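Here's the structure we're looking at; comments come further down.
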Ligand code: HEC
Ligand code: HEC
Ligand code: SF4
Ligand code: SF4
Ligand code: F3S
């Protein structure tokens, strides 16, 4: 049937419930020192990247926030370009896990946890920059509302006060919706462990899951509503992060279309990171029977449906800069196209509007070497968008006597390139400790493929 | 109450830079090293701006001495998350150096970029390079006397701006 | 002590048709433990909807009217500030922080309101000590009948559980 | 194949065309009393039906792009709503007839006094002038009509010839790049017709807050038209109560997106109140327009967000259409609060033309939409999702 | 400090009995301290709690 | 079977008598170090020369 021809393109040749469990119950529950190579010599490169993270933080806390090369015109440099970037990555991990659950689509089941757990670790590296770019990080509890023996409360008019309410909600909701999606799987890992103190570990995480006829109905409504709550959440988290630029009167920042273009940029850069992390998980970890090439064909289309709202945002920011008869937004066009950071706006149009237009053609989407090259070109390209928006619009603004440059210091590089350590330290821990791909959601779409094969 | 306002006459601002030091002698503004001024981190609440209009061989030169305009609709206030920089009932933007967690967003919303940020421990900087931290809590005892006893000596991670000399208004 | 008997099923469609029975047979204290959510098991076991969306919304309206009423109280009653010339009751700029107070308080009542809805945060259910239940979360489908309902006899309902199509009807001790 | 469907849309076609002919006869007759109030009211009534004519085209490209049983139910309610763009191009001529004539009723960038007194408007004259504003208008009604006519001839080809995988590929080969053309040719149509009514005011996401409201009209209208067809028993398929819940979930998710784009457009302009972006929300928050502003916050978002939140009022047709009927009666208020205060900004001014010329363009719209329904079997019998709709209907 | 700046009438006493440490506030401290606020022209809770009174 | 029956109460009192206990610790250290008249030397006779 026409419905079976799209289900059979997401799974391998033949799969049963104990086969989809064994395929994921062998990437986990394999013994330590039987764990595959490339993980420990990938977890060490990730741990050495974490020692660069905790040392670029210990140098930042001790010496100051001014080891970053941030000037006074451009006080927001890599610390916020990488905050909006890292949180932008995490938004298309929930568009897979939560927004696609609204559309009841099934190409999300295999890429569910490898993107939902990708969100959290892209928030654990994005939730640190608003806690560390402050000059006095120890007083970051002042951005929280609490009766604190001095009548001051946070402002609730600035988007850095909505950030600590978006990032903290995005954290403790994409964690709970991720931990919700694990209690059935951690019950599969517990029942299949055959190792005391390993069965107890997953038996403690999967609280009492039990399966259950009614426990599954309460799950299907808790997972649907959480998916229906993480759809306006991530539509607002990178819209609130969008508003720490759009509530400022700066020329390149007060662009009103930032909310539906930062969200479109977060889904754009996020699917690039999902593809960058699944082509290795599909190749190295033998998950060819679960993460089929139709998942990348569709991720390349959703990464295209978002990349055209970004490539539209580059025009709704150029046109309405010109359409605004301001001297200061006319200059915005003649400061990005020309100017000292002209190459930033041209290593951006090339990397978001020229190179990733190949996602239109199935020749450049099914072919994973191109989808992996376009995803590299988007993650770098969507970093330059966050550099064009922040630094290229700050360093040349009103009052020409306040024009800086922001050459980033070594402690911006040794913190951003070390942030990938804290991302892969957790992402390699998640692969080894937890199922790197949903089990019951892949038990379904196997029960759904046999249910459709039953009629035909 | 008192509507504290200022009226600068740029016709007679000959860039003597005496107002730049007068704000330093009065407001305990810290010196910054040359290595950190080239990074655009000079602490100067008041600055004079040459502008060189036309004919780069023989240009007329004009000064707009730029300080914190104490905006009534201050855009640098709606953007402080912990609500450090607020306005006054007298009518001047109050920078509160102690409630400032160093978010440093306020400068990005400031249209004039007057707000200067204590990025490192800017204090006794020509006598102790600010890129260290072994002595950033140790103060030169001879320098502690030139400081104004009614202006906060800012720590690191605290933005500042021309406060209309509240130490003289209060 | 006796908890009940359960029947192991090798496929999913034979359990749903069996969970369709035991409800038109007159039983009420029973469940069907599956590895995946079988569409149709609920409303066939007789659950007839969960009351969880109403406590999510009740706690989500409390996190929205409890966060908008916090920022308004912070900016009107308790220490109103002239921060930026903006009005005290700024009706915008309160909404992006009462929205994430609605999303946060709901998702706190969506997980912990589900985990509390089930008897979830307790291991050792009296059903795990079944001879093959450790396959319920992998491959096999089960249907346990508790020993609480009056229409239950260890010799009688065992014959009824074998009148269905089981793989092995087993006495699940407790 | 209901036999009482061709004479049912045939009655609605001829009745709406009389309503759209007599009310248009009164709009022109009312124009002879005040020549300015007609065009002030004609542009308001033009958007609400253009953003519904084009709203059906955006979802038709979404429906052709994604395999859903929703939209198959609308594949002719969208191909007919999109095929009234050959009419909105014709009904645009009275808007072009004002730009050509020297009256400056609609657009003040045509006033040679405004483009000589003001400087903000005189720098947009490269984009705001008569020979280019009309060349752009023809360009939209070549893309909008073209993408609505290509997606129809292939749909009539799908029924006549048969569903081939190449024809399904031709839909997604144009529904993909079509939306890109559809959005971009709209963000030059909402600045031409909607934003340049206040030419001293610019804001991106002004053409985006229509797009999020184009999807409420074509989904609210999708549930409305599917109810009038099911209440009279004219549908060729019983509406599955779970896929009516899909149209209700789309309608509910797009009241949330509409409130996400209208509020963020305000939260941005309100926070940093640059006096160039402010005059739009400034004139629409004082003088009585705030009454239509607080309706957008409560009667447009907060009332149909609490109502559309439950499975009830999304699963029942009588409770979901009563919200779709109500969302139309608020979007009409919204396209009035958004377009009209460009004229008489210093006060709430409503005229009897705002109701007469709205049922004039609408009567012509519902007349062409009804005529563009009778030329299709309302189901597209050779579809790949109608074997998926024949079940979930017969259960 | 803000508790008396936001509401001085609860603690403001006569000017003459400032250095009288045996001063217990009357049972009607309000409507007597309220009366001393206008007598002293003590500024409002809006002018007295605005980041520049203290923290100069 | 894993997780013997004692894990019922040991996981039932760790949410009902262990969460309100840690919450009463995080408040008893909040008041003690952020609200009390103790960390501020109220009533503490400071020794002079
Ligand atoms: C009630 C007993 C008070 C307490 C506790 C504090 N203050 Fe006060 N203060 C009080 C009054 C009635 C006034 C008069 C205000 C006026 O305008 O006449 C003040 C004033 C001040 C001022 C100066 C006011 C100005 O115009 O600048 C300052 C700087 C001040 N108070 C500081 C201050 C501090 C730091 C306090 C906590 C330790 C404090 N006051 C407490 C009444 C009361
Ligand atoms: C006089 C009534 C004051 C007014 C007006 C403001 N503040 Fe205050 N502040 C005052 C005192 C006596 C103290 C000391 C409190 C203590 O713990 O000893 C403070 C302290 C603060 C702090 C704490 C700073 C720290 O380093 O811990 C902050 C952050 C602070 N004050 C902020 C603040 C702001 C933002 C104000 C205007 C809106 C403000 N204060 C006014 C006295 C008074
Ligand atoms: S304003 Fe400044 S630069 Fe001008 S004369 Fe006075 S001190 Fe000198
Ligand atoms: S520092 Fe700048 S933004 Fe802040 S009040 Fe002064 S002029 Fe305005
Ligand atoms: S925005 Fe906020 S906390 Fe400090 S430096 Fe800037 S003030």
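Protein chains in written order, with the working numbering: chain A, 3 to 458; chain B, 88 to 257; chain C, 173 to 346; chain D, 2 to 396; chain E, 342 to 397; chain F, 11 to 59. In this text, a Cβ means the ideal position worked out from N, Cα and C, and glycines have one as well.
Beta carbon of residue i nearer than 9 Å to that of residue j
i             : j             : result
residue 27/F  : residue 295/C : no
residue 379/D : residue 6/D   : yes
residue 399/A : residue 252/A : yes
residue 21/A  : residue 166/B : no
residue 78/A  : residue 191/B : yes
residue 351/E : residue 342/E : no
residue 122/D : residue 200/D : yes
residue 373/E : residue 349/E : no
residue 389/A : residue 343/A : yes
residue 161/B : residue 186/B : no
residue 130/A : residue 95/A  : no
residue 417/A : residue 59/A  : yes
residue 187/C : residue 204/C : yes
residue 332/A : residue 323/A : yes
residue 120/B : residue 194/B : no
residue 89/A  : residue 274/A : no
residue 74/A  : residue 200/B : yes
Counterpart residues of residue i in DSSP-defined beta bridges
i             : result
residue 317/C : 177/C, 202/C
residue 342/C : 178/C
residue 247/B : 203/B
residue 137/B : 150/B
residue 173/B : 181/B
residue 294/D : Residue 294/D is not bridged to any residue.
residue 66/A  : 207/B
Neighbour-count burial assignment, residue i, 16 or more Cβ in a 10 Å radius
i             : result
residue 355/E : exposed
residue 175/B : buried
residue 327/C : exposed
residue 198/A : exposed
residue 71/D  : buried
residue 365/A : exposed
residue 14/D  : buried
residue 204/A : buried
residue 204/D : buried
residue 35/A  : exposed
residue 140/D : exposed
Next on the checklist: Using 8 Å as the cut-off, can you tell me whether the segment 179 to 196 of chain A makes contact with the segment 91 to 111 of chain A, which would need three or more C-beta pairs spanning the two stretches below that distance?
Outcome noted: yes
Checklist entry - Does the segment 208 to 219 of chain A come within contact of the segment 289 to 303 of chain C, defined as at least 3 CB pairs closer than 8 Å? => result yes
Next on the checklist: Counting beta carbon pairs with one atom in the segment 316 to 323 of chain D and one in the segment 265 to 274 of chain D, are three or more of them shorter than 8 Å?
Outcome noted: no
Checklist entry - Near ligand 1, which residues have their beta-carbon less than 6 Å from any of its heavy atoms, given in chain order? => result 257/B, 342/E, 345/E, 346/E, 349/E, 352/E, 353/E, 383/E, 384/E, 389/E, 394/E, 395/E
Next on the checklist: If you measure from each CB to the nearest heavy atom of ligand 4 and keep those under 6 Å, what residues do you get, in chain order?
Outcome noted: 155/B, 156/B, 157/B, 158/B, 161/B, 162/B, 163/B, 180/B, 197/B, 199/B, 201/B, 202/B, 248/B
Item to check | Three-pair Cβ contact test at 8 Å for the segment 178 to 193 of chain D versus the segment 40 to 60 of chain D | outcome: yes
Next on the checklist: For the segment 196 to 209 of chain C against the segment 316 to 330 of chain C, do three or more pairs of beta-carbon atoms, one drawn from each stretch, fall closer than 8 Å, so that the two count as touching?
Outcome noted: yes
Checklist entry - If we count Cβ pairs, one from each stretch, closer than 8 Å, do we get three or more for the segment 228 to 245 of chain B versus the segment 270 to 287 of chain C? => result no
Item to check | Stretch-stretch touch, CB-based, cutoff 8 Å, three pairs: the segment 12 to 21 of chain A with the segment 447 to 455 of chain A | outcome: yes
Checklist entry - Pairing CB atoms from the segment 273 to 288 of chain D with CB atoms from the segment 221 to 237 of chain D, are three or more of them under 8 Å? => result no
Checklist entry - Are the segment 243 to 257 of chain B and the segment 145 to 156 of chain B touching, with three or more C-beta to C-beta distances below 8 Å? => result yes
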